[PDB]
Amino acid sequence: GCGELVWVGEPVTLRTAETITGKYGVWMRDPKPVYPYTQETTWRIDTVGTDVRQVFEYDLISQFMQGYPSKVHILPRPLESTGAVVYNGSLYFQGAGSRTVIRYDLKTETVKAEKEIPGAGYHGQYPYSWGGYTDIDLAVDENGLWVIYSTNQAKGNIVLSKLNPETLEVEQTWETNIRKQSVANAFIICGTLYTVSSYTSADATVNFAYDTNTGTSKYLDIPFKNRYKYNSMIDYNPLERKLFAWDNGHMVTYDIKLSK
């Protein structure tokens, strides 16, 4: 059941990174899991540093909250920033120093697809407001796989493309009127793009919504809390209907409420 976002809860901390490379990262579960994985499987990637290659996998959530992975994946290309997602058994991530998105099948540990996001800025061209080479942000919603980015054609405004999750073909593209480097991050719920105003401020809000079904933006003012004052990653999981985030070394979730 879809609808408009009207409320975001307080962040709930599941794990605190004790590593020296854990200030920024991405952690996720598969909204459409495939055998032998389940909806409990969790993946973690610390992304501070160069040559980011390790992906920690946890079959059980207990293993995840205790920090003991059941398997470790070594990525075929070094990874960039915090925008990656897992979907349909594959990790989708951006190759370091490129605009290339890579589909990495987790079970076979092989690359199934590689595609340049056409015209996408990369490596600090159109990042989110905190920088960190966040130019390219993948997203999964109820409709499948998306990528959030910007281009010179769009003059730095957020662009959205719906992707074939198997071939990474661009199926459709939307150009919004929201400057990407002016927001802290973004995520998609039920075909609507939502942006967060600040990654550190105490008075942060979800401040814009762009509906791909109509091609229009609207103002929002929903309180959004950055408890640890450096939210480097905010994504939406459509199966759990929660936000997943990585705030200054803390892997957190946010409850949400949708309308209609």
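Quick note: we count residues from 1 along the sequence shown, nothing fancier.
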property: Of 67-75 and 185-193, the one with larger mean CA B-factor; result: 67-75
property: Which of 82-90 and 112-120 has higher mean CA B factor, as the PDB entry lists it; result: 112-120
property: Which of 211, 235, 203, 30 ranks first by CA B-factor in the deposited coordinates; result: 203
property: Where the record places residue 35 (Cα B-factor, split into thirds across the chain); result: highest
property: Assigned third (lowest, middle, highest) for the C-alpha B factor of residue 243; result: lowest
property: Ranked C-alpha temperature factor of residue 154 among modelled chain residues, by third; result: highest
property: Modelled-residue ranking by C-alpha temperature factor, third containing residue 97; result: highest
property: Third of the chain, ranked by Cα B-factor, where residue 175 sits; result: middle
